Amino acid sequence: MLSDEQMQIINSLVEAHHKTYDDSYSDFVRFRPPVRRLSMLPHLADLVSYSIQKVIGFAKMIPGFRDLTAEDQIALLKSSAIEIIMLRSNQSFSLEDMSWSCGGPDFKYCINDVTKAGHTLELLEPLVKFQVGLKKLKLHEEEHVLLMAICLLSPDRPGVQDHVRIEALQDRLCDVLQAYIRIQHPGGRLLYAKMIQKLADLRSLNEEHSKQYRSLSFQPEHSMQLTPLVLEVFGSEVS
Amino acid sequence: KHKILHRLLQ
Ligand SMILES: C=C1/C(=C\C=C2/CCC[C@@]3(C)[C@H]2CC[C@]3(C)C#CC#CC(C)(C)O)C[C@@H](O)C[C@@H]1O
């Protein structure tokens, strides 16, 4: 059985997610339009920048995240942002289409679209294999939200100072996830480990994305298409 | 050093 405090963490994490993920995607029409040279860089840059703002909002509602120092909050966000985005993107991913479908056909992104934004198959191949395998996990909403929160509260990121506090936050969330799966997820004896595995894949996806981001950011004709928030969060400055 | 981030974090 789950404790009162464990389920509260669940509630406040589900709420935080529902506040920061708009299943209507009606905000996308505000981005620079897609073009299908790097024709998709403007739109996808806006897609990513928008998503960073959502991830910061989710983070701010994780229990304890706001009590960290701002430095740790920034450190945790600069290192984990691209991972939370890949995780949260599973909600629009479709096995049918092997793509991310966000309402209309102009907001459907396949692999070929993402290449027109400066990323290669050495990133897109493992990413799409990650998305299908994660989609197959058939995660409950409670589990999806816990994994995002656990990924964000990882103490083994470059730059975190108060390691001990962050590890403890993350430990609590894991205990909540282990208990939740046990009590509430039938046939989920091996699910916790499969989820922890996905965190490991995320780190490899992160590295590859960072590699390719650098070549984008070192070319001013491309980096100028990015947003101020993207350049700051993915930039290599330290506090 | 992280202007926008600090603002976004209230
Ligand atoms: C983002 C979200 C969504 C889709 C995610 C996608 C599809 C487009 C390509 C993206 C963005 C990929 C995640 C990683 C990748 C491959 C990337 C990248 C990059 C880059 C730059 C050029 C900045 O380096 C849709 C909704 O589920 C909301 C969610 O938030």
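When a ligand or atom number is given, it counts from 1 through the structure's own listing order. Labels below follow one simple rule: chain letters A, B, ... track the order of the sequence lines, proteins then strands, and each chain is numbered from 1.
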Asks: Distance alone, cut at 3.5 Å: any donor-acceptor contact between the side chains of A:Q73 and B:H6?
Replies: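 The answer is no; no qualifying pair exists.
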
Asks: Residues two or more places apart in sequence or in another chain: which of them pass side chain to side chain donor-acceptor pair (under 3.5 Å) with A:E208?
Replies: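 With sequence neighbours excluded, A:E208 shows a side chain to side chain donor-acceptor pair (under 3.5 Å) to A:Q212, given in chain and number order.
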
Asks: Start with the C-alpha distance between A:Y109 and A:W100, add both sets of side-chain angles, then the distance that settles ring pair (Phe, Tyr, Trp, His ring centres under 6.0 Å), and finish with yes or no.
Replies: CA-CA 5 Å; A:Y109 317 118; A:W100 293 264; 7.7 Å; no

Asks: Using side chain to side chain donor-acceptor pair (under 3.5 Å) as the criterion, list what pairs up with A:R32, not counting sequence neighbours.
Replies: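 Side chain to side chain donor-acceptor pair (under 3.5 Å) list for A:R32, sorted by chain: A:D46.
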
Asks: Pairs under 3.5 angstrom, nitrogen or oxygen on both sides, ligand 1 versus protein: list them out, please.
Replies:
from, atom 1, to, atom 2, distance (Å)
ligand 1, 24 (O), A:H119, NE2, 3.1
ligand 1, 24 (O), A:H209, NE2, 3.1
ligand 1, 27 (O), A:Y21, OH, 2.9
ligand 1, 27 (O), A:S92, OG, 2.8
ligand 1, 30 (O), A:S51, OG, 2.8
ligand 1, 30 (O), A:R88, NH1, 2.9

Asks: Not counting sequence neighbours, which residues clear salt bridge (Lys or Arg N to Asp or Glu O under 4.0 Å) with A:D171? List them please.
Replies: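 A:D171 satisfies salt bridge (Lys or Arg N to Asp or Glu O under 4.0 Å) with no other residue.
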
Asks: Do A:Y213 and A:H119 get their side chains close enough for a donor-acceptor pair, meaning under 3.5 Å?
Replies: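 Per modelled atom types, A:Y213 and A:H119 side chains form no pair under 3.5 Å.
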
